[PDB]
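What follows is a single chain, given as structure tokens, in the form deposited in one PDB entry.
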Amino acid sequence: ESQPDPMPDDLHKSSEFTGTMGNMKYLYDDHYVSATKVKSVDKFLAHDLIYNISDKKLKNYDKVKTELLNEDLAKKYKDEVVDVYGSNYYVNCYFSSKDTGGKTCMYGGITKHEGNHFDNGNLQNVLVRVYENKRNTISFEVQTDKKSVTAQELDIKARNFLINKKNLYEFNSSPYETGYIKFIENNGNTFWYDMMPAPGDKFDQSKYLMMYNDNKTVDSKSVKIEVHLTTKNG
């Protein structure tokens, strides 16, 4: 499988969204959970794992429940020293462990710890190029401490950059009609994620996060990322 490039109708249209784009933006505007070297402590459902990670920023949480696509995925990481990175939510995050410190929720984000690093203090840079109305207007670079890394960690870094430079998502709306982030694994494998949120009036956070439960890792020395963008008129 390599799912094809979307043409205009596949793409969610910002002008057709009437809620608060600040709520997409929340998920990306320097927002994320991240832990290096952890083993899970307990589970909720079959197909998710709970860690004590706490909030480095605010005091929002002591416990995180990443939910994965099926229980085999959580069979595998169940007792692994891992690395968590990704984009977390609270509206509608409910899990069960008492055994008031706080709790948050995401999807996926896991990497096996041991092996996946760089053998001093080094990091890894990943170019992203940017296309507005089919023209290449802007290209830039992202960074990470891991070699097989999640497509999620790199989406969050790249949107974090564009929120602030190109104003991808503002509170109200966004300067853009459509937008999709395409990946180019070095084997032809080419997945995308549609960047605008679904049309109407609210936006389900935890349902948009969920495309990530796949835990789709990539390789940070080789991958290529394309952000494809459109503006429409006056």
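Throughout, we count residues from 1 along the sequence that is shown.
Keep in mind the form solved in complex with a partner chain is missing from the figure; the text below concerns it.
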Worksheet item: Honest question, do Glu67, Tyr107 and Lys207 all end up within 4.5 Å of its partner chain in the deposited bound form by heavy atom distance?
Response: yes
Item to complete: Spell out, yes or no, whether the shortest heavy atom distance between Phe95 and its partner chain in the deposited bound form is within 4.5 Å.
Response: yes
Worksheet entry | Distance check, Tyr85 to its partner chain in the deposited bound form, heavy atom within 4.5 Å | no
